[PDB]
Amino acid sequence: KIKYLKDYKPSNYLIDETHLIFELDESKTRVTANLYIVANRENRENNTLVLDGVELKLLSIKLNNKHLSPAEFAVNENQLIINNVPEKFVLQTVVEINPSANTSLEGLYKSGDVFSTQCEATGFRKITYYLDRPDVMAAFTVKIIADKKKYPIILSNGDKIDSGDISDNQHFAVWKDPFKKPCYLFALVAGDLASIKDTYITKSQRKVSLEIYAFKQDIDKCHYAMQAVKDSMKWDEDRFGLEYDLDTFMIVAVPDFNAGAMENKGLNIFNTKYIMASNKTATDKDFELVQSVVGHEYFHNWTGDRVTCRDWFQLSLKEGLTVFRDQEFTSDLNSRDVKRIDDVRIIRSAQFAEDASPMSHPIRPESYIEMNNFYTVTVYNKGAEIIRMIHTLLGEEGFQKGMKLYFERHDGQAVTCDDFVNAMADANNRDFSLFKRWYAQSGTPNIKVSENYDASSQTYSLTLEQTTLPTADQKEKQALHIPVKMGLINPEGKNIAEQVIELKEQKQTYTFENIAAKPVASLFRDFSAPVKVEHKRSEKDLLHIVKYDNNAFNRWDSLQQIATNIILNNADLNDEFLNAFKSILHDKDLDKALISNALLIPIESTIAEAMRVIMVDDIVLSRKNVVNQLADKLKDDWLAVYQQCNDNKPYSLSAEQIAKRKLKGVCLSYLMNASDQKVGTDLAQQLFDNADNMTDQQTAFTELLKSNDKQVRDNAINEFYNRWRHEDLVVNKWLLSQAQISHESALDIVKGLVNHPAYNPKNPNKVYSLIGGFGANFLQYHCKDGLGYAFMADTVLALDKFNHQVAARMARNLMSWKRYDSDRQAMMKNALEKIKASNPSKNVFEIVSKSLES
């Protein structure tokens, strides 16, 4: 059954307050609930109450404290219906449920002697009868009764306003949350959990209790997360003017938590693997992700919990806004330019790929079948880009003026994507009617660039033309509102005419007077709009942008564009290119992490995205050639910058020490891609032995695996294993590193690894490490003898015995066959047909069949 956005009607009845009592038990948990309900003025076409409720044993029901007879209501499989209800009333229901029996991972469930919930999107209806929709928001008071011995920790949303014992062996706790919220943000947890408790003083001087809860064995690795909470809270105050709203803030970390992370109000819940970090084991990247994860969920407190989405089509606002915030948070406290490259790589890779597919859709669809239709890079990541485009148009000050007004209008409201744009429009005395078309329109726009200069009058004439092709979901298209952040660079190198211009039309020319010299244009700075850009121009024009442009992004972007075009032409390395490359390498006042990104030659899979028919062997040989040249010609430079980055300071998570370590790593990779590995190998071998952290040991190991000596690779494999048997997370990296070896024997090694006790095909994380890691090893997986495709078909069938979801994922490795040349395309299909013909599970049979028939 398809659900349509245009069908939205407000609920005819609303809930002001919700009072719950939980009497926890393994089998028969009792949920009494007092719903204080009122008729909704915006919808009064009938007086029937339709409550949602699933897998509920109804023991009792009273309206206005008086019992209802079987004739006065109806209970079906999915609802509870009551006719002719009053304008204002209280409805009490007692209900019984079985957490022990719940394997759906929604509502209340129990996994390893600990009660836990999950209510997004519609899991609350599996707890008691409710209006389980996000536009109904209520003030929650929640009592919890349970055994003291087994469940000493009993948590829910808000602040603990009352507590104590009862009977000979039980205790209770009351949690009040005074701010209206939708039920999908409701959470409950009860268990025997260790804790880290700490404090944070707010901007208005209030004392907020911080509390991370986890099992005894996990808690010691949760100390960095606490820091991420403090960084998150402070950044929101400093940049957004958003202060936390309760006296306590809790986190609960448990193994195998399905959602990964969830923004439950005052009580965020995470998978343990996403918030754990030890100094010995976590790399700089691991620490950055823990920060980002914790950040993102904290930011929902305002953008999601305090003001929520009206319906689930509005998910590009609930998450997109919070995603934009999390990527801004990470940008400020780390490197802006690198974070911004990483976010763009996703848009150019996955999002563009999704908008090119039959699955193409707008960020606010007009229809859906299941909730998983919304959980896409289009909705989340292109959603944030749209919010970022408004930041670009208004600037920081005016964007914050728009946030300020957004909360003024809509605190305690469930709202639409149009409501956000209106607040952003109205707070800055502006008209964003044409901009709203971004929410409705599907597909990637293509920007054709054309330009002309006049020597005498000193005028540059830039004309732009936006065209966006028909898609599967819709063929009718329009002229969007495109912000083009730009500048001009004259032959001197000065940056002139720096501003943001707008394209609100199919075609539009822009005139710049008083331009003494024919300039090269710096366009779409920081990827100002999510578009493809046709701008044909020479290598020297790009080399000028690489040399003199203020915009760090366009410097990286133009350099990656040159190196890519060199590879496709099978071309040798230019002389003027080498010297621009050299100067970037020795730049003393430029983010050293940004240097690392610009100097790393695009990986083969990225270059392949340029090609219509992926010529695999053309790519690898041409990239090996240029990487080898840079390694040899600038050999002294790589060595110099390595040893100037290879300092002797104690380990730290300062942005400078982090950036040093990765440029150091980039240098060391070029020393191994040299014709003589003598020098690089010695430096890698020492770093391996001397490193005082995982980031350096990971780098040392990775580069030691590029060694052409068999003894050198083997010993590092063993030496690394000997040290890190005891740490599973690190063993995964050991597998992944081996899987990624660039050498003939990569496949042989991976086959020896499946039989190794470090591997286990039942554990999905080890499958993504070894098998998914081999599928991402470009040269060796796509090896022309086809044994990588055959190894992939085999493993899919072996995995399918234990886990069908994992077997289906690993199968995606074979489903790109359309993109490749006839020889590899056929070997991929053979492998898909081999899977199909070996009687796999329904799941795998269906998916494999689908890509074969596509």
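Numbers follow the displayed sequence, beginning with 1.
Q: Using only the Cα atoms and their B-factors as the entry lists them, report which of 62-70 and 30-38 averages higher.
A: Looking at the recorded C-alpha B-factors, 62-70 comes out higher on average.
Q: For the stretches 423-431 and 293-301, which has the higher mean C-alpha B-factor as given in the deposited record?
A: Per the deposited B-factors, the answer is 423-431.
Q: Maximum C-alpha temperature factor per the entry, among 344, 497, 136, 155, belongs to which one?
A: Max CA B-factor in the entry, restricted to 344, 497, 136, 155: 497.
Q: For the listed 114, 233, 627, 173, which has the peak Cα B-factor recorded in the PDB entry?
A: Each of 114, 233, 627, 173 was compared by C-alpha B-factor; the highest is 114.
Q: Divide the modelled residues of the chain into thirds by Cα B-factor and specify which third, lowest, middle or highest, holds residue 205.
A: Ranked within chain, residue 205 CA B lands in the highest tercile.
Q: Compare the C-alpha B factor of residue 805 with those of the other modelled residues in its chain, then answer lowest, middle or highest third.
A: Highest third, going by the recorded CA B-factors of the chain.
Q: By the record's CA B-factor, is residue 308 among the lowest, middle or highest third of residues in the chain?
A: For residue 308, the deposited C-alpha B-factor lands in the lowest third.
Q: Is residue 723 in the lowest, middle or highest third of its chain when residues are ranked by C-alpha B-factor?
A: Tercile = highest for this residue's CA B-factor.
Q: Among the chain's modelled residues, which third holds the C-alpha B-factor of residue 385?
A: Its C-alpha B-factor belongs to the lowest third of this chain's values.
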